[PDB]
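**Q** experimental structure below, sequence on top.
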Amino acid sequence: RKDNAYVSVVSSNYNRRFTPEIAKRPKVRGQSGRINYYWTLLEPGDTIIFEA
Amino acid sequence: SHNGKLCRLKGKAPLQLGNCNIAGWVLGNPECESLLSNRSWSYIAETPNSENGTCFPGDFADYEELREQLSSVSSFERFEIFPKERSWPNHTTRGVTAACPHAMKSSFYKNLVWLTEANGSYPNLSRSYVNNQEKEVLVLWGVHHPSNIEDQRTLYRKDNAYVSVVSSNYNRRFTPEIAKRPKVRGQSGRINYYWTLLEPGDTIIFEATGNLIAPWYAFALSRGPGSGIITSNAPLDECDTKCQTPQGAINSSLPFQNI
Amino acid sequence: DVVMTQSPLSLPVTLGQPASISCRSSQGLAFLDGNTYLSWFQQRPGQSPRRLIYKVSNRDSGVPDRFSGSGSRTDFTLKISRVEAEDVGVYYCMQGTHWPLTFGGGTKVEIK
Ligand SMILES: *[C@@H]1O[C@H](CO)[C@@H](O[C@@H]2O[C@H](CO)[C@@H](O[C@@H]3O[C@H](CO[C@H]4O[C@H](CO[C@H]5O[C@H](CO)[C@@H](O)[C@H](O)[C@@H]5O)[C@@H](O)[C@H](O)[C@@H]4O)[C@@H](O)[C@H](O[C@H]4O[C@H](CO)[C@@H](O)[C@H](O)[C@@H]4O[C@H]4O[C@H](CO)[C@@H](O)[C@H](O)[C@@H]4O)[C@@H]3O)[C@H](O)[C@H]2NC(C)=O)[C@H](O)[C@H]1NC(C)=O
Ligand SMILES: *[C@@H]1O[C@H](CO)[C@@H](O[C@@H]2O[C@H](CO)[C@@H](O)[C@H](O)[C@H]2NC(C)=O)[C@H](O)[C@H]1NC(C)=O
Ligand SMILES: *[C@@H]1O[C@H](CO)[C@@H](O)[C@H](O)[C@H]1NC(C)=O
Ligand SMILES: *[C@@H]1O[C@H](CO)[C@@H](O)[C@H](O)[C@H]1NC(C)=O
Ligand SMILES: *[C@@H]1O[C@H](CO)[C@@H](O)[C@H](O)[C@H]1NC(C)=O
């Protein structure tokens, strides 16, 4: 329901903001959209914040 | 002991780049017209001080990785990926610059096309290419970063523009940046150059609303077992030796060397 | 002894085309003086053998320039750039380093 959106993942060692991109893509496995996957490793006593 | 001369190896002449480097060979520098012919070689020879590369200033993305890919290549086939006359009906394909001169004139690269507005309008662009050549295709393009907003408005008629290049292994989106820059080779603007390697059976899509230096010619690459890059100031001659150094050829059945 | 293997047994070539014969040995052929001592001979039908190549690279007097041989360690090759009508016959390789003296099997060249 919004044309502009953002994701932000903030930790004590990770700080990164992601913005969706809309374009024409070739069909892979019957789908033209994409999902980009990310990971991080939290330390003991640390906190992570997801905002979207 | 050595000959002191570059020469053939396993009956194949080397590719001698002369005063051109690898970037000026792949982009199509106007002083590198002799290298744009479809050939084969055994190893690549380069002058240690070559001054004919990217005539327009800018950054070449992953240049050393391109050198490492082009080290093990036996031959290429230069083919026209997008025709200049027919694939752009509603743009102006004529673009020259004073940073790249040919015979005391103004010219551009021989593998790239500078698209500009036609009749006061810059329509949306969307082109696709499919690979049927059964080998890898090296695709080269560029994104233009102007110096002021007036040049942007005169060339592309839009304050905001983007380029998107999408493949099955490449997915990138580029936005022009306008800033004040020092003058390099008489120009304050920049052109950033990018490359990719299509696989057989794959497709590439270029979409743009501004600031696109479109491809014109592409290279169909074939891989080989033994090749490399040598920096030399030694001259070409005729031999059939089985060892080559930057100093010269070596003919020994001896186990060691110190050259 | 030392076993020498030649490839191929028969090599039919057309006039004006290159040809190559390969000779392989079981042991290394280097000597303590610093040389290899491998020779290549030609035998025409109904005639005595004559020498073409002595040592790895040296070419005998009276031999045409189209005969060139090179190799090292255990693999050696004789190459003919242009094949003419006087290039028919059987070609052989010998070693002259180890006792006893061994000859090759022989490669026959025919014109197509
Ligand atoms: C070259 O490329 C560029 C970039 O790729 C292309 O640009 C794209 O162009 C699209 C149109 O072709 C455009 O899509 C429109 O988006 C508009 C905005 O959507 C929002 O608003 C609507 C409605 O909300 C209303 O209320 C709010 C709050 O007051 C207002 O702010 C809004 O303005 C509205 O009044 C929401 O539903 C959305 O969720 C968004 O919030 C749309 O309004 C617009 O819809 C109209 O056009 C449709 C197609 O004709 C039509 O079906 C629909 O009924 C709307 O009709 C309008 O226009 C007609 C004709 O003039 C008029 O008769 C109607 O009365 C009405 O005004 C579109 O959906 C993309 O956003 C845009 N992308 C960008 C900018 O990146 C460009 O087109 C392309 N050029 C070429 C060569 O094609
Ligand atoms: C190829 O390289 C030569 C130099 O090796 C370039 O010639 C120079 O061009 C600059 C302009 O930027 C002049 O200021 C120099 O005086 C020129 N030097 C000489 C010796 O002529 C030439 O412009 C390059 N060609 C291209 C197409 O970039
Ligand atoms: C190559 O071999 C020939 C013949 O043995 C010799 O004359 C020449 O000097 C050699 N080349 C070098 C660089 O030693
Ligand atoms: C370039 O390669 C193509 C093969 O796609 C060939 O048809 C053409 O003749 C070549 N051009 C040369 C050698 O100038
Ligand atoms: C170019 O302009 C013509 C004329 O309006 C139009 O028909 C065509 O769709 C445009 N685009 C292309 C890619 O030819």
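**A** That came through, no problem. Residues are numbered from 1 along each chain as shown, chains lettered A, B, ... in the order given. Ligands and ions are numbered 1, 2, ... in the order given.

**Q** can you map out the strands along the chain?
**A** By default, I'm working from chain A. A:7-11, A:15-18, A:48-51 (DSSP state E).

**Q** that's the wrong chain, I wanted chain C
**A** Under DSSP E, chain C gives strands at C:4-7, C:19-25, C:38-43, C:50-54, C:67-72, C:75-80, C:89-95, C:102-103, C:107-109.

**Q** give me the sheet partners of the second one and which way each runs.
**A** In other words, strand C:19-25. Strand C:19-25 sits in its sheet next to strand C:4-7 (antiparallel), strand C:75-80 (antiparallel), going by DSSP bridges.

**Q** ok, back up a step: how about the strands of chain A in a markdown table, adding distance to residue B:200 and mean neighbour count?
**A** In this view, the C-beta of every residue, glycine as well, is placed from N, C-alpha and C. Below are those laid out as a markdown table (distance: least, Cβ to Cβ, whole Å; neighbours: other Cβ atoms under 10 Å in any protein chain shown):
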| stretch | distance to residue B:200 | mean neighbour count |
| --- | --- | --- |
| strand A:7-11 | 36 | 14 |
| strand A:15-18 | 33 | 11 |
| strand A:48-51 | 41 | 10 |
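
**Q** what count of nearby residues applies to residue A:5?
**A** Residues near residue A:5, counting by other Cβ atoms under 10 Å in any protein chain shown, number 10.

**Q** correct me if wrong: it contacts residue A:20.
**A** Yes. Assessed by Cβ atoms under 8 Å, residue A:5 is found in contact with residue A:20 at 5.8 Å.

**Q** grab the most central residue of chain C for me.
**A** Nearest residue to the geometric centre of chain C (Cα atoms, centre = their mean): residue C:40, 3.3 Å.

**Q** distance of that residue from residue A:21?
**A** Relative to residue A:21, residue C:40 is positioned 68 Å away (Cβ to Cβ, to the nearest Å).

**Q** residue closest to the middle of chain A?
**A** residue A:18 (5.2 Å).

**Q** that one bridge partners, please.
**A** residue A:7.

**Q** so it sits against residue A:7, correct?
**A** Yes. Counting by Cβ under 8 Å, residue A:18 sits close enough to residue A:7 to count as a contact (4.4 Å).

**Q** how far away is the residue of chain C most remote from its centre from chain A?
**A** Computed with Cα atoms, centre = their mean, the residue of chain C farthest from its C-alpha average is residue C:32, at 23.1 Å. Residue C:32 sits 64 Å away from chain A, going by Cβ to the nearest Cβ, to the nearest Å.

**Q** residue in chain C nearest to ligand 3?
**A** residue C:57 (6.7 Å; Cβ to the nearest ligand atom).

**Q** in contact with that residue, which residues?
**A** By Cβ atoms under 8 Å, 6 or more residues apart in numbering or on different chains, the residues touching residue C:57 are C:69-70.
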